[PDB]
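This report refers to the structure that appears directly beneath it.
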Amino acid sequence: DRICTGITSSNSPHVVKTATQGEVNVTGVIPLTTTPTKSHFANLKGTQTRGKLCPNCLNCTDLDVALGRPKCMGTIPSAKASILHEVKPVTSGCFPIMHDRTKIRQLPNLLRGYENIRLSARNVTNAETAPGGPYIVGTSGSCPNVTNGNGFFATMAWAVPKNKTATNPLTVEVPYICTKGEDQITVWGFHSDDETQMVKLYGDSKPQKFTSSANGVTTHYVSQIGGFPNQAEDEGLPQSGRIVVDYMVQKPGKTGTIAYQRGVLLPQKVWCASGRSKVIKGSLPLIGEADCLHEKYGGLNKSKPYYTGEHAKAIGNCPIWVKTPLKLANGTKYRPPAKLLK
Amino acid sequence: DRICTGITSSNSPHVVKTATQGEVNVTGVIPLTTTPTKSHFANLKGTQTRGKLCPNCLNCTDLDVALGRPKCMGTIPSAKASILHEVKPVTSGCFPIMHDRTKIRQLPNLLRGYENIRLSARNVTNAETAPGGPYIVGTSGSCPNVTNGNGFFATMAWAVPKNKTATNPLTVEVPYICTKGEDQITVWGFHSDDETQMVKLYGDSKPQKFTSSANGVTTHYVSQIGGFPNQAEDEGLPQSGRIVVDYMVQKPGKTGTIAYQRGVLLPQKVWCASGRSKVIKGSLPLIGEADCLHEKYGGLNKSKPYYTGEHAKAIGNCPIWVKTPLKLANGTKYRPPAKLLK
Amino acid sequence: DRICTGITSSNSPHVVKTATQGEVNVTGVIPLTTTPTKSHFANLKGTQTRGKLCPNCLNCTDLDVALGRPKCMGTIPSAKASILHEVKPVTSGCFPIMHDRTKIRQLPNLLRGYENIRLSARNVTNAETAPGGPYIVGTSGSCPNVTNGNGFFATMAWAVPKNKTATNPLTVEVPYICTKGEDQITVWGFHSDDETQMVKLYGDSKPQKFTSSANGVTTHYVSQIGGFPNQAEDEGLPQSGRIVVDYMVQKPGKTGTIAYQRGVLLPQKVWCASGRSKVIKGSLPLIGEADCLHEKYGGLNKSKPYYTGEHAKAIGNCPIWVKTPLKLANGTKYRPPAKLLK
Amino acid sequence: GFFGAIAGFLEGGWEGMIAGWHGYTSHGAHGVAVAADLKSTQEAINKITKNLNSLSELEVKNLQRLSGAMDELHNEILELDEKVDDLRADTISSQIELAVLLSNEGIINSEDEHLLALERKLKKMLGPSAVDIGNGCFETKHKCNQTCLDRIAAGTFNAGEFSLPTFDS
Amino acid sequence: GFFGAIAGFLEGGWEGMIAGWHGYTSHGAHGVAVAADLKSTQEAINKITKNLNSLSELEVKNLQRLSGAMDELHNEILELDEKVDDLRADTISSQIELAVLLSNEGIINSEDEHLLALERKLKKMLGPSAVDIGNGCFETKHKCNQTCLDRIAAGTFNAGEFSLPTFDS
Amino acid sequence: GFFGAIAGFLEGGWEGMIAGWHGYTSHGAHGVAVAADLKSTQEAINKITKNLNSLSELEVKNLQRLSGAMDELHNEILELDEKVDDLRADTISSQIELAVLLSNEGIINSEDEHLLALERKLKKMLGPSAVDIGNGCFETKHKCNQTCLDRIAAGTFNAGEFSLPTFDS
Ligand SMILES: CC(=O)N[C@H]1[C@@H](O[C@H]2[C@@H](O)[C@@H](CO)O[C@@H](O[C@H]3[C@H](O)[C@@H](O)[C@H](O)O[C@@H]3CO)[C@@H]2O)O[C@H](CO)[C@@H](O)[C@@H]1O[C@@H]1O[C@H](CO)[C@H](O)[C@H](O[C@]2(C(=O)O)C[C@H](O)[C@@H](NC(C)=O)[C@H]([C@H](O)[C@H](O)CO)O2)[C@H]1O
Ligand SMILES: CC(=O)N[C@H]1[C@@H](O[C@H]2[C@@H](O)[C@@H](CO)O[C@@H](O[C@H]3[C@H](O)[C@@H](O)[C@H](O)O[C@@H]3CO)[C@@H]2O)O[C@H](CO)[C@@H](O)[C@@H]1O[C@@H]1O[C@H](CO)[C@H](O)[C@H](O[C@]2(C(=O)O)C[C@H](O)[C@@H](NC(C)=O)[C@H]([C@H](O)[C@H](O)CO)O2)[C@H]1O
Ligand SMILES: CC(=O)N[C@H]1[C@@H](O[C@H]2[C@@H](O)[C@@H](CO)O[C@@H](O[C@H]3[C@H](O)[C@@H](O)[C@H](O)O[C@@H]3CO)[C@@H]2O)O[C@H](CO)[C@@H](O)[C@@H]1O[C@@H]1O[C@H](CO)[C@H](O)[C@H](O[C@]2(C(=O)O)C[C@H](O)[C@@H](NC(C)=O)[C@H]([C@H](O)[C@H](O)CO)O2)[C@H]1O
Ligand SMILES: *[C@@H]1O[C@H](CO)[C@@H](O[C@@H]2O[C@H](CO)[C@@H](O)[C@H](O)[C@H]2NC(C)=O)[C@H](O)[C@H]1NC(C)=O
Ligand SMILES: *[C@@H]1O[C@H](CO)[C@@H](O[C@@H]2O[C@H](CO)[C@@H](O)[C@H](O)[C@H]2NC(C)=O)[C@H](O)[C@H]1NC(C)=O
Ligand SMILES: *[C@@H]1O[C@H](CO)[C@@H](O[C@@H]2O[C@H](CO)[C@@H](O)[C@H](O)[C@H]2NC(C)=O)[C@H](O)[C@H]1NC(C)=O
Ligand SMILES: *[C@@H]1O[C@H](CO)[C@@H](O[C@@H]2O[C@H](CO)[C@@H](O)[C@H](O)[C@H]2NC(C)=O)[C@H](O)[C@H]1NC(C)=O
Ligand SMILES: *[C@@H]1O[C@H](CO)[C@@H](O[C@@H]2O[C@H](CO)[C@@H](O)[C@H](O)[C@H]2NC(C)=O)[C@H](O)[C@H]1NC(C)=O
Ligand SMILES: *[C@@H]1O[C@H](CO)[C@@H](O[C@@H]2O[C@H](CO)[C@@H](O)[C@H](O)[C@H]2NC(C)=O)[C@H](O)[C@H]1NC(C)=O
Ligand SMILES: *[C@@H]1O[C@H](CO)[C@@H](O[C@@H]2O[C@H](CO)[C@@H](O)[C@H](O)[C@H]2NC(C)=O)[C@H](O)[C@H]1NC(C)=O
Ligand SMILES: *[C@@H]1O[C@H](CO)[C@@H](O[C@@H]2O[C@H](CO)[C@@H](O)[C@H](O)[C@H]2NC(C)=O)[C@H](O)[C@H]1NC(C)=O
Ligand SMILES: *[C@@H]1O[C@H](CO)[C@@H](O[C@@H]2O[C@H](CO)[C@@H](O)[C@H](O)[C@H]2NC(C)=O)[C@H](O)[C@H]1NC(C)=O
Ligand SMILES: *[C@@H]1O[C@H](CO)[C@@H](O)[C@H](O)[C@H]1NC(C)=O
Ligand SMILES: *[C@@H]1O[C@H](CO)[C@@H](O)[C@H](O)[C@H]1NC(C)=O
Ligand SMILES: *[C@@H]1O[C@H](CO)[C@@H](O)[C@H](O)[C@H]1NC(C)=O
Ligand SMILES: *[C@@H]1O[C@H](CO)[C@@H](O)[C@H](O)[C@H]1NC(C)=O
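Protein chains in written order, with the entry's author numbering: chain A, 1 to 342; chain A', 1 to 342; chain A'', 1 to 342; chain B, 1 to 169; chain B', 1 to 169; chain B'', 1 to 169. A prime marks a further copy of an entry chain.
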């Protein structure tokens, strides 16, 4: 009489990978993979999320807040997780900017990159005593106040010169100004207007040249006088003219240098930013919470160790991407049922 | 009487790697490695190859075609594999360019990077009505026609001003112009000439300034009047002067801006390019076909899974590089022949 | 009577990782990990170390040597290992530079990157016959000689113009000049001074413009006339004025182009550099020798194959970084002592 | 596997052991009995569980946006960042695929060790009167129907229930 | 290997089995006979073949030029792209080296399992009259010359050809 | 391990074998004797040593500063270089962790093979009069005190010292 050892025969629909035996069939498997689905973004659990540079300086753009617009000036906190919702952000009024002639659009997206950001603790450069004639810090309607009046970006001073005269390039030397080992983001620009209005506000009616230097990087601009572009991302008709605006990143302890002429929107309130926040491209009504933010799939919480789908940047406690669905053999290699015995 | 189990003793010239036993000798081995040899480049099987931006606009350079030279204007297809044969491409005539003063040389190599490219579907900016005086779209011998005459790069308009007068910087606003989410590559430049000829063609004989702005990137040029460099990559003697040419990459939906004076070769026919072609450094008489293009070894078809040699960029169905020749043990660890038995 | 096989029970304080059995206790372990300690930097064994661009042109800065200062001109060798000790290097006198307005500070750190470097084998551009009027190669005290006198950076010529007159931009064409497939690092700049002194030395007292072009990269400067910054990194009182200096990297066979006016410190002695030296951030009294230089831990010699600690760049025969301390099981899984027998 | 093939085991599934994966068969006048050892299977199920825990420990850095690289100004950098992200994803994925492969091979190959273990558990409790074939089977001097077999799977068997010798602990 | 050394097997090559890698020897008045099992060796040759197929599945992204990075204008980017290419090549190469190492170790270490399998195939067909030593060898009550041995390698043997007992299927 | 549990071995440490990791016990009127085989343990110690040498061969490119990327001018490149350095460090670290894990698992799992080898060394030298249980133990027809056991660990034993049969080489 025989008493033997044997293994089972069973339903083995799952196929697994094996180096020695090639692809084998198996009783059961524990899948390690999943294809998540596109859902909305949420609050990264262990850290803190952003998307609006400011919550309590409500009804604005991110860019508006970046530029230092009158009402859009809220004391804004930290994160260590940030969502990038507008790849090319827009302004919501104030004085008409010719956005596309500089890198200025991305200024919020740059700021977003830091943990700690702050409007200012002063303003860098005396707008009145600035090189070139004594200036009257121009202000403009088209940029209301808390009380109404005329506004001009806390960011920059609208240096309109009394003693109206043409000027050979003047140099300001925008100093560091900040606390700690923060960075400084200086913002500035130049106003230009039509032939007639140019002579009115400044004693010159020809293209004005502007050159900046910071961390070895030089930029050079030449103003436009006539036929400005069909006003957009503005409010209401100082349409005679426009502003070209640019930013300047000053690393800790370093000095910037703006050579300028007429229409110079000198810098004033300068950002100081520090730390590194983890940034990702998302969509921003941030509903509830997830474990891990995926650029595509979005708010998504970890179930299995690996995931299948579209690879993309993701932050937080994420499953790791994998080329193919992966299964862990939880059973026995398929054996046919046996009567091949005697 | 004994009946035992035993293993063989045999020729075991091949040595293999083993974690537990160190380096062991083995009966046979299946090598997984090879050192390919430098051979010519060929047509990447599963995709489609380039090397000449255009086949049917024959006898030219790639740069010539890039610049929009009169005869070098062939309706050019797609690839998804491209070969980069000239690291620093040359022009084959037309008006003498001062190539080295801008990034213009690489323009083909940039274009090559895209799957879909196209000469134009229009021309951007009215050469006649361009800011500054009414222009007569200059044409020049040294750049023949299909019929002979005077040529000037479909790319750009030779804006020669009637009413010859000096000009403060004028701004054009080079618009997007393209179909789909393509990119636009705008091309432009400025002609300069000797003292006398400068006053003749334009009413001014002093260095002329030129500034462009696109996607936040600014460039600034100052023309040369005298002692131009020993003409090269040209045809025949409008040697009085030269052209400095540059390109401007407009991403989808974005506007470029050229501030300019006298000698302005305005843009006209503008490239639209889309898709991504896989590019590699090669040599270009493309003979027959291979499986995988290697920067060094070149046309090369997969035999074994891994390869030894020089690492380099490679596209297609390639073997993967490996530090050392690798062998798969196909046999038994070396045992000495046995009479150590009783 | 029973004779059995058994394994030991012993002190098993060490815990190890195992895929099948989870974390197990083990008799003994061979640790593969270590946390090195911060110690000084030393001479990388198999290669050759740098830190001072020059040893025998003693008492100087690296920048001083870069700039071609009179006494700081030592015939300097090779390495294949280099230490970067000053992230933002300083000058030790000569004519006062306005360092922060260009990328010039990093010039040594760039040079350091090459194996082979050399002061010059000539000087590029005739200082006298340079475009613009005949120049008297200005020299200045504040920059002593081997014998005392007036010095000005072997690097550059202080092109002071006899026939004092204002000048429309003039173009020089800085040629390649070098041996082999080396790179060329051209150095240049512009002197500026107060209103009165400007008219004295050059016939013009207004902001002077300067534009360079090399390998498609354009830079543009505008001189300052008044209120120069509180002199620093200088010697002794030609405080009327300052120098802004910049460098230009010419790849093999390529020509540079400087458009300039008044105050032009033309280039002269031009660096040729070749090869690639392995560079790392360190601190530079180089004491004795190590096996492997770590940015943090510093001079450090290999004991175990892996290391725990702070990841950082490291060169030479280094242990490889690892997230967690790793041990190799050298013994038996913990078994409790046995009387669970009958 | 390669062991069972050479050392003539039966590549024979026994549909019927509804419970365990591995156990004992039993052959005679009664026909063929079948049993499943409830310790070989819980030991197999445990191994797999731990392997799952090991496979699920791997931590890999997050992989996010470049802080200073701007969406329209630094596109050539941003491209190289896309390439880096892709190559990371690819490399680790291929490593994960390898980890699991080795894991699988191991789990699969183990079965023949369970069988070889189960067989030694049997040799002991069948006593010295039995005869080991080499098959993973035993020639016994007594009958073994389902109740007998079930007692071998439970470890509650006595060769001595049927007057034969025994190994005493 | 470490098994054969401890459990006193013979680290003995038998030049002469021209065919298989593993088989049987045979010792007596006739001297020493040698045979090679043609199933242990085709099972070994198959394993290796599949391992080769597994090793040859690994796909790794192509690794090409940066589309927007230009040969004279973006050299600092292009350098970082060279570095990336090199580090990729290095990482995957080291992973491939590991995959093969594990593969090799496995293929090599398997031999002692073949031997242990072959031995069980023998214990069965030599019948219950034989005596297992522990060596991987058997003391038999009958002579076994080359014709006898060749019949054990073929699996066509009968202890009963020489009037002795047998295990019946 | 999973083998010893199923095939009822003793998960029993024998504190007392001060020398080897693995060896023999011995049970009777004399009580319990203990010995350690000095060949199973030097074979285990060797394996580990080589594994250490294998683990210590891995070469990985140096990882240094970008030559043309300058500390204040190219910060967006330098950042992407930090990212690259970090991701390299992470990937290889995770691979090294895997190599060692497999190494450990192997070293640990091997013990039951040593035991199984040691047991075959015993079956031979105890002779044909002994009885293999399946336990990794043997029922003998003679007493075996410490001096007898020490002679089994040394391989210097003769079943015949006590008039019983023997297997002759
Ligand atoms: C700028 C201006 O004065 N425009 C007012 C005016 O516009 C037309 C009118 O002057 C007319 C007179 O001949 O000429 C037109 O000029 C051009 C024409 O545009 C060209 O196409 C053609 O080629 O040549 C013509 C002749 O030169 C003018 O277009 O009339 C309108 C309607 O009545 C007024 O709204 C304009 O006044 C400005 O209105 C805005 C609101 O819409 C503001 O209230 C302006 O007040 C500020 C401001 O808030 O921005 C007050 C600031 O203190 C001041 N800043 C400084 C530093 O002085 C600014 C600044 O001067 C202007 O914005 C410059 O454009 O104005 C109010 O002046
Ligand atoms: C430019 C020109 O007119 N050159 C022709 C001429 O050259 C010498 C001659 O004029 C002479 C007269 O005193 O003076 C020399 O001037 C300089 C000297 O170079 C300096 O070294 C010194 O310092 O000062 C001197 C005094 O100023 C001239 O060098 O003579 C030669 C030989 O006879 C002619 O070939 C030149 O005419 C041009 O020839 C070329 C072919 O070689 C073309 O056919 C030109 O025709 C075009 C053209 O095809 O490019 C026709 C175009 O319609 C026209 N474009 C526009 C917008 O007007 C261009 C354009 O004017 C020129 O290219 C500008 O250089 O010419 C033909 O004029
Ligand atoms: C530059 C100069 O001449 N300074 C000397 C002088 O300075 C004051 C003095 O001239 C005074 C006269 O009215 O006016 C002051 O001018 C300004 C004032 O600064 C402003 O604040 C105000 O707004 O307006 C005033 C009126 O314009 C001057 O500041 O006096 C001092 C003390 O006596 C002298 O040291 C100055 O002479 C120079 O001294 C230095 C050493 O300190 C050198 O020895 C100079 O010699 C060189 C040199 O070595 O650099 C010799 C070179 O050959 C020469 N190079 C060339 C190309 O000509 C240079 C070069 O001219 C100067 O460096 C330019 O500043 O000088 C020596 O002249
Ligand atoms: C082993 O598994 C495979 C699949 O893993 C089974 O065959 C598959 O049958 C299903 C039923 O819809 C199909 O989806 C698959 O396409 C089939 N396989 C393939 C690769 O085409 C197979 O029946 C299982 N069992 C056995 C005994 O092989
Ligand atoms: C610098 O900051 C101050 C507030 O700290 C700004 O405030 C006033 O600006 C007006 C402009 O017309 C000046 O006339 C006042 O002297 C400033 N102080 C006040 C409120 O009395 C100032 O605008 C900022 N920068 C400038 C433009 O100088
Ligand atoms: C992922 O995990 C978290 C668990 O914290 C989920 O967050 C909860 O969202 C539910 C929505 O049904 C709310 O009711 C809870 O208030 C949230 N957490 C708790 C318990 O406070 C999240 O919804 C999960 N799913 C995904 C994909 O985001
Ligand atoms: C095992 O293989 C090694 C090589 O893999 C054999 O020794 C080599 O002999 C060849 C003959 O030309 C040389 O190329 C090698 O240099 C020798 N080895 C080394 C590392 O130097 C060896 O003879 C083989 N067989 C045995 C039994 O060891
Ligand atoms: C814009 O494209 C047109 C063709 O679509 C170009 O064609 C002619 O250019 C000449 C230049 O002298 C003009 O006089 C004609 O009016 C154009 N049309 C024709 C052929 O009659 C034109 O050159 C392009 N750009 C310019 C320079 O305006
Ligand atoms: C690599 O593989 C391809 C196989 O398709 C080879 O391509 C053939 O080239 C031969 C040259 O002898 C021609 O006769 C054939 O026309 C080509 N393919 C076919 C069959 O149409 C290629 O030559 C191989 N070798 C290398 C290294 O390129
Ligand atoms: C097995 O090792 C663990 C540690 O590797 C031992 O328990 C540890 O006791 C030490 C003594 O100071 C502590 O540092 C650890 O905190 C303890 N373990 C943990 C994880 O907390 C254990 O005693 C060892 N032996 C056995 C039999 O388990
Ligand atoms: C070019 O190199 C030469 C040495 O090779 C430099 O030497 C002298 O410069 C002075 C400047 O006043 C000239 O007057 C002399 O003609 C030069 N030669 C000598 C020593 O007689 C020269 O300075 C360098 N560059 C310049 C400025 O031309
Ligand atoms: C790392 O290894 C080297 C061994 O070459 C050590 O270098 C020696 O430094 C000692 C200091 O005690 C000197 O006495 C020797 O002159 C040096 N090498 C020899 C033998 O010539 C180095 O000190 C070691 N330790 C570290 C961490 O740097
Ligand atoms: C708002 O605007 C008025 C003038 O336009 C200005 O004087 C006032 O300071 C502003 N409001 C504040 C800060 O109280
Ligand atoms: C070729 O050139 C002539 C004048 O040079 C021009 O008028 C003509 O349009 C061109 N050929 C064509 C497009 O028919
Ligand atoms: C040092 O300086 C003097 C004048 O300042 C100069 O003439 C001389 O050539 C220099 N020394 C040398 C090179 O002999
Ligand atoms: C073991 O038994 C032998 C006799 O066979 C005796 O010589 C020896 O003393 C015994 N050892 C001990 C310590 O009991």
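The C-beta atom is built at its ideal place from N, Cα and C for all residues, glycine as well.
State the CB to CB distance for the pair residue 335 (chain A) and residue 9 (chain A), rounded to an integer number of angstroms; the pair is presumed to be in contact (CB under 8 angstroms).
5 angstroms
Please tell me whether residue 73 (chain B') has its Cβ less than 8 angstroms away from any Cβ of chain A''.
yes
Compare the Cα-Cα distances from residue 217 (chain A') to each of A':191, A':249, A':197 and report the closest residue.
A':249
Please state the DSSP three-state secondary structure of residue 114 (chain B).
helix
Got a list of residues with beta-carbon closer than 7 angstroms to any non-hydrogen atom of ligand 4, in chain order?
A:12, A:13, A:14, A:15, A:25, A:334
Which same chain residues end up closer than 8 angstroms to residue 107 (chain A) when comparing Cβ atoms and leaving out the 5 residues on each side of it in sequence?
63, 66, 67, 185, 187, 247
Candidates A:14, A:3, A:102: which alpha carbon is nearest residue 325 (chain A)'s?
A:14
Examine chain A' for any beta-carbon lying closer than 8 angstroms to the beta-carbon of residue 84 (chain B'), and answer yes or no.
no
Which word fits residue 40 (chain B''), buried or exposed, when buried means at least 16 other C-beta atoms lie within 10 angstroms of its C-beta?
buried
Beta carbon of residue 7 (chain B') nearer than 8 angstroms to that of residue 153 (chain B'')
no
Against chain B'', which members of the segment 206-236 of chain A pass a CB distance test of less than 9 angstroms?
215, 216, 217
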